[PDB]
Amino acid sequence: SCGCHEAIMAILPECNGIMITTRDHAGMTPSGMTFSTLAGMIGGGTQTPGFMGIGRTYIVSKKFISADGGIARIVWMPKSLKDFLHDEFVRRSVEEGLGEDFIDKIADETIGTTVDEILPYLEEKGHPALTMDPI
């Protein structure tokens, strides 16, 4: 009704995956835009390739971008979103064969807010997205 679940996903070709941000998160993201700006960009029915609005809980559903590798594609999310989805997200990681600590391989704002800032972290943690087929 009011949009309190609202999140925005964006493709990050250089990380071979997707970032997600949320309405409550003030911070810059690796897409070069805040949630606020992103929302402004798509906000008059102006669909833009590589960006989609989603409900924050769609992220932890079985069908989540399933045929393109599901939650394994997530390479960046705000720490606030990790915390919020944590228990579901972990249980989902496990179901997907990604292990319980997959969430810790995912970059966040404490790591960086640009691709150049987060990519070495993704690399050093061995994030599965980096070796999956092209996004």
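Just count from 1 along the sequence shown to find any residue number.
61-69 and 33-41 differ in mean CA B-factor, and the higher of the two is recorded for 61-69. Here the stretch with the larger average CA B-factor, out of 124-132 and 2-10, is 124-132. The maximum CA B-factor among the listed residues 87, 96, 104, 109, taken from the PDB record, is found at 96. Sort the modelled residues of the chain by CA B factor and residue 91 lands in the middle third.
The deposited CA B-factor of residue 48 belongs to the middle third of values across its chain.
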